[PDB]
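K.L.:
Below are the structure tokens for one structure; questions will follow.
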Amino acid sequence: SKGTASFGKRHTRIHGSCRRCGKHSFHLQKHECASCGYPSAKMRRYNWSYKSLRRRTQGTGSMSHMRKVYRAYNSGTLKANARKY
Amino acid sequence: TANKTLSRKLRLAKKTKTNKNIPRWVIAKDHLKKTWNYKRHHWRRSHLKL
Amino acid sequence: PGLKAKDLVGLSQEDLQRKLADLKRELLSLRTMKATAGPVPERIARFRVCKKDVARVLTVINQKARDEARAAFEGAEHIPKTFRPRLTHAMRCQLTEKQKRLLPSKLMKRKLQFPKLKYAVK
Amino acid sequence: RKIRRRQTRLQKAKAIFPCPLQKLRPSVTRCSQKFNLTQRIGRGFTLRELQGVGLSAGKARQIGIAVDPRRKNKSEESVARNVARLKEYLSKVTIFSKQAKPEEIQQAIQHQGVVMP
Amino acid sequence: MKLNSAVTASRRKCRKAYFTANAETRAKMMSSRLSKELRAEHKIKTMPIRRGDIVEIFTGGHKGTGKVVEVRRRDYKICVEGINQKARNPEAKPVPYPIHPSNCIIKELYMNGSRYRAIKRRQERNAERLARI
RNA sequence: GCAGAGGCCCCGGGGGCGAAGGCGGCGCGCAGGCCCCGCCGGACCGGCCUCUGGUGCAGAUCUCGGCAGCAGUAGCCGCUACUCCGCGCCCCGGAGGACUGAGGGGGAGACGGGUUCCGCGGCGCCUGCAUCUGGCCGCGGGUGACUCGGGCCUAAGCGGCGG
RNA sequence: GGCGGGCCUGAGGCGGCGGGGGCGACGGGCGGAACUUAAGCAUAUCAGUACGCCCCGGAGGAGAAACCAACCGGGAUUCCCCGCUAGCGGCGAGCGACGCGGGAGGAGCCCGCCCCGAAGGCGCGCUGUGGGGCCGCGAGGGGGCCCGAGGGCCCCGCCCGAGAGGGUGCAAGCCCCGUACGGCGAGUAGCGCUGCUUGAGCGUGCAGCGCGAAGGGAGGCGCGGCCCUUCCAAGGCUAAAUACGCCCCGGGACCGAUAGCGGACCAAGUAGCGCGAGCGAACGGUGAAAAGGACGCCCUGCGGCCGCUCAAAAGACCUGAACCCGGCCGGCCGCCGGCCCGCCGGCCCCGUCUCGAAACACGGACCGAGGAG
RNA sequence: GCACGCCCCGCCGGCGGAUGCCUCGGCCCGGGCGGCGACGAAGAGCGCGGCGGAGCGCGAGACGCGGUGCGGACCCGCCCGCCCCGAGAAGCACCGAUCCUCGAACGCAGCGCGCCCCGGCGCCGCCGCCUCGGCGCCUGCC
């Protein structure tokens, strides 16, 4: 009754996929991502779990723009800066 | 489920497309030796989006 | 190999759009042939090449358009952001060296009054 | 750290080859009864000390002499000892003009360490 | 000793560099000593091995002279025509025995045109060194 | 005794003429232990002096990994049930006998699963017996809307609002 | 009264320009614990810490004295060395600076006021603008024996500005790559009361509210007086030395796959688990070379047997321990002692607290690895 | 009795993965760096390879495209594509573009709906500009 029979009544999705972080953590009733923090502008990052910070952080993904810019500064962005300055 | 959303239908679709074994030619090209996708899932045992 | 980019550069943009339409229709019929010939794969090394070819015509069509547009806004205040020096957000929001080294009139006079002098002590 | 600080000094010395790395600083009686007799380097020469050698605050800064206007002279003896230090330094220093003849600058010889320790 | 600190003596870094080297580095590492006559004609001790370069194997078993049919850059090995593993079946088509290029001396070089240009570049840099800088 | 460091090992320590490790047998030491021989093994390893320590296990309801005796033991006890013959499988077909018994072991939706759907082939896995079976495995397909539902309206509610 | 105009406040739209969000460090600003210690526990301690929030930058903050001192005086700031005690504290447990002195590093200035006014940064502004790294060559070794193969032996050589290192079929300065050598100043200060804070004690810094100056501040025991020494708050700027992750490079008396990161494995924050926040593995090694198994014999077939490749199956893989088990051969058996060896004699189950354990006290099936001054 | 169970005089076979040996990985310690974003970041989702699952890398120009300077034969299977004093494989360094959906995330939602000309359409500042409000301070006229 408390467990197996009541587990039989489990047929609804409390959470859904987040638009910002694509995890099954968007609460559908309250409309808040438990992990992403969406709909907030800022991301939900807490220093009590450093493991959570490590799972989604800068460098986990492609870093396509930052990698390009870093190499260019080590090549010909610094020169373009001095030309503008 | 019969009344699925489009967004949900497209995420589930990728799972069916990526539920494929390593191509035999790719094992020959990469000399993989280990021969199993592992990311493969079974509808009864898997709990996608859970 | 496929279409050489240098040969494409010599063509006008009307000539190049015609070539692009022919290459997209060719891609459509190669995709058709790959679907129709499902049991046996034929390698179809024209398919790969014409995909690249389409990209190499599109690269030449954009290069001519960007260069032409850049000269319409050359020497004009407020050019489009695509034609702006790349820099970075921090650099584009920073003081120029002249503005960093601007000195008040009384400080500037003092610097001129006392110039730096090379001196040696023994 | 020792290597990095040395490298910084060597690069600065190169940037102003004839100019010594350290500015001329005054002899100051160490503070307190415990260190009264002993003397040490201070921040800068007082304007009265630089009035005795006949200099001006700006002129002194160009010949590499540190100037402190906060420093009040206190005893007359302090003015005399520091004025003598300025006289010795002014004779020692050589000012190069004519923009920069390479030979005179090349033969200048950089001073190393506190000037007039 | 090595006076440049930037070069690494660490076995792990040096082993990794050999295993993961770029194809241009792999090709330079895959080089063989030129024969006395080739050394006199081209004025260079060794050349990177290519395909079509007759080589004499002078080291272990499978010692023979033949052209290089194939180069396995991934394995740092080359296949020499004539040098093959013993076949159980006479009918079976021969499988080549791979030979490291250090284990061979290049009797003849596929001249090409780029190879003339690359020998010339090395001969000119070698001569600046032989003039004692 | 262990693991590393600095030296030594008289022509520059011992090694594919066989290192470490493993196994059986000696010998030596009061003993920790050491040494040799044979066999397996297949590339490294020490004695001595000085130095350093994450340095020695039978226990901790010790951690982790293997695995024994129990033991071919306990069990495979719901929903009435199968039988004959035929390529003969619990497959399939025909024929008998049944059962779920229209708040069905019937035919459909909502949700939840997410390809389980269908055809062809297959049994390596799973189908707690078996399989020629299948929800399993491989391959190739499959969901068509002016009229149905979303969309749209508002409900409980929730978000928004100079502030 | 009614309309036009200026000024003053606002409203809509357009254009140019900026802002927002990210990063497990360092940095600034705030809000803020408790476990703990005090052998209890309230003050205290932890701790001006975790954590929450906000905000920059390559550093940041700080900073050119309303400073320190009491001298035969110094002289912005930051950082390092030393004093670790002056003090504070149920004066209990604890806590706690600084000035000297030695260093690294050095660098100074501006505005308001004030004078002139538009000379200006000119649609504004007289409610005051303006002036006072890449690139590149690169030395020198043969013979015999033997090995599956030398990088092994044994004779002889040679190159070292190179005997760092890596690779190559066994231990290579001379086989290869490299290495050494190159080139291109007012609602303020203060005070009264209150809260927080500090080592700061009749008050260290702060803040609320009430009240509020003029020559004012400080001098480490308050108050009133008189000196003296030293400075100028209530506005702003500033390099340097200092700190530090991601990442990149180098090194190590470091770890060696139950270790070292959770993660050495072509796909680790992966597979998997939890409604979710979050949790979170296991898994290295054939050989020199895939040469990954010739052929024949059989089998309904499955599969087996011969052998094949190889140095060797090393056959899905290096070595291959213990526990545990099957074949075959030998015995009938625990330990200690004696002897030809199955008889005689002796022998309770260890570890552990305990006065005392074989205990009907507790932990322990077994074995391997890990495991604690 | 035998078998069993023990022991082991040896000799093999199994099951396990210990022990050695290595090791493109960690872990400390120094340097260097300090380079993100409305010109759309970090992150996320779907795609993209002839044969293509994962990982990487790209983005409808997609397992890439161009330009320059290097390099000089390959391209992990099957292919086909090069091959040659240049004709140009792998590799390498910059630089120029492309860049779907979501995201600070920007017409509005989150996958459905507008308005509007043909440019598009978010918010908050700052500086100008244009339009106009007030029985704020007045003023002039008739």
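Note on naming: chains are A, B, ... as they come in the structure tokens, residues start from 1 per chain, ligands start from 1 in the order shown.
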With 6 Å as the limit and counting only C-alpha atoms (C1' of nucleotides), what residues in chain B lie close to chain H? Please list them as a PyMOL selection string.
P.N.:
chain B and resi 20-22+25+28-29
K.L.:
Can you tell me, as a ChimeraX atom specification, what residues are no more than 10 Å from stretch 28-45 of chain C when counting only C-alpha atoms (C1' of nucleotides), ignoring any on the same chain fewer than 5 positions away?
P.N.:
/C:1,22-23,50 /F:140 /H:50-51,78-81
K.L.:
Which residues of chain H are close to chain C, meaning at most 6 Å apart when you count only C-alpha atoms (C1' of nucleotides), and how do they look as an NGL selection string?
P.N.:
:H and (39 or 50 or 61 or 65)
K.L.:
Which neighbours of stretch 112-121 of chain F fall inside 8 Å, counting only C-alpha atoms (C1' of nucleotides), when residues of the same chain fewer than 6 positions from it are skipped, and could you give them as a list in words?
P.N.:
residues 11 and 12 of chain A; 1, 12, 16, 43 and 44 of chain B; 135, 141 and 142 of chain F
K.L.:
Can you list every residue of chain D that has an atom at most 9 Å from chain G, with its nearest atom pair and the distance in Å to one decimal, using only C-alpha atoms (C1' of nucleotides), ordered by chain then number, as CSV?
P.N.:
```
residue,atom,partner,partner_atom,distance
D:5,CA,G:104,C1',8.5
D:28,CA,G:74,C1',7.6
D:29,CA,G:73,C1',6.8
D:30,CA,G:73,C1',7.1
D:31,CA,G:73,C1',4.7
D:32,CA,G:71,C1',5.0
D:33,CA,G:71,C1',5.6
D:34,CA,G:100,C1',8.7
D:35,CA,G:101,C1',8.2
D:36,CA,G:72,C1',6.3
D:37,CA,G:72,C1',6.3
D:42,CA,G:75,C1',8.1
D:43,CA,G:75,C1',7.0
D:44,CA,G:75,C1',8.9
D:68,CA,G:75,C1',7.9
D:70,CA,G:75,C1',6.3
D:71,CA,G:75,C1',5.7
D:72,CA,G:75,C1',8.8
D:74,CA,G:73,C1',8.1
D:75,CA,G:72,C1',8.7
D:77,CA,G:72,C1',8.9
```
K.L.:
With C-alpha atoms kept, could you save the residues just selected as a compact mmCIF listing (two decimals), in the first residue's frame?
P.N.:
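Result file result.txt:
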```
# COMPACT_ATOMS: atom_id res chain seq x y z
CA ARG D 5 63.49 39.59 -10.04
CA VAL D 28 68.58 59.47 7.65
CA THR D 29 69.34 58.82 11.36
CA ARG D 30 67.55 55.55 12.16
CA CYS D 31 64.46 56.31 14.33
CA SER D 32 64.26 55.72 18.14
CA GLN D 33 66.86 55.95 20.97
CA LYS D 34 68.00 52.37 20.13
CA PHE D 35 69.19 53.26 16.58
CA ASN D 36 69.89 57.03 17.06
CA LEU D 37 73.66 57.01 16.25
CA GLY D 42 65.43 57.49 3.43
CA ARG D 43 62.70 58.36 0.88
CA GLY D 44 64.01 61.67 -0.54
CA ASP D 68 60.58 64.14 -0.49
CA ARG D 70 57.05 65.81 3.46
CA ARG D 71 60.50 65.25 5.06
CA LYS D 72 61.09 68.17 7.47
CA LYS D 74 64.66 68.58 12.07
CA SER D 75 68.29 69.21 13.21
CA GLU D 77 73.17 68.66 11.26
```
K.L.:
In Å to one decimal, how far is atom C1' of residue G:295 from atom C1' of residue G:308?
P.N.:
7.9 Å
K.L.:
Got a sec to pull out which chain G residues are within 8 Å of chain A, counting only C-alpha atoms (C1' of nucleotides), and send them as a list in words?
P.N.:
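Here they are: residues 21, 22, 23, 24, 51, 269, 275, 276 and 277 of chain G.
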K.L.:
Using only C-alpha atoms (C1' of nucleotides), what table do you get, as JSON lines, when you list each residue of chain C with an atom no more than 9 Å from chain G, its nearest pair of atoms, and their distance in Å rounded to one decimal, rows by chain then rising number?
P.N.:
```
{"residue": "C:78", "atom": "CA", "partner": "G:16", "partner_atom": "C1'", "distance": 8.2}
{"residue": "C:93", "atom": "CA", "partner": "G:18", "partner_atom": "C1'", "distance": 8.8}
{"residue": "C:104", "atom": "CA", "partner": "G:110", "partner_atom": "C1'", "distance": 8.9}
{"residue": "C:105", "atom": "CA", "partner": "G:131", "partner_atom": "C1'", "distance": 8.7}
{"residue": "C:106", "atom": "CA", "partner": "G:132", "partner_atom": "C1'", "distance": 8.9}
{"residue": "C:107", "atom": "CA", "partner": "G:109", "partner_atom": "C1'", "distance": 8.5}
```
K.L.:
Set the cut-off to 12 Å and count only C-alpha atoms (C1' of nucleotides): what are the residues of chain D that reach chain H? Output as a PyMOL selection string.
P.N.:
chain D and resi 1+3-4
K.L.:
With C-alpha atoms retained, export the selected residues as a PDB file, in the first residue's frame.
P.N.:
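Contents of result_16.pdb, as written:
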```
ATOM      1  CA  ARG D   1      61.742  34.275  -7.625  1.00  0.00           C
ATOM      2  CA  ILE D   3      65.929  34.671 -11.148  1.00  0.00           C
ATOM      3  CA  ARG D   4      62.673  36.470 -12.126  1.00  0.00           C
TER       4      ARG D   4
END
```
K.L.:
Just the residues within 9 Å of stretch 43-55 of chain F, please, counting only C-alpha atoms (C1' of nucleotides), with nothing from its chain fewer than 2 positions along; format it as a VMD selection string.
P.N.:
(chain F and resid 2 to 9 13 to 16 19 to 20) or (chain G and resid 170 253) or (chain H and resid 21)
K.L.:
Up to 12 Å from chain A, what residues of chain H turn up? Count only C-alpha atoms (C1' of nucleotides) and give them as number ranges by chain.
P.N.:
H: 33-37, 40-46, 56-59, 93-95, 99, 101-105, 110-111
K.L.:
Please determine the contact residues of chain G with respect to chain E at a cut-off of 8 Å, counting only C-alpha atoms (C1' of nucleotides), and supply them as a PyMOL selection string.
P.N.:
chain G and resi 136-138+149+164-169+175-177+179-180+182+249-250+289+291+294+308-309
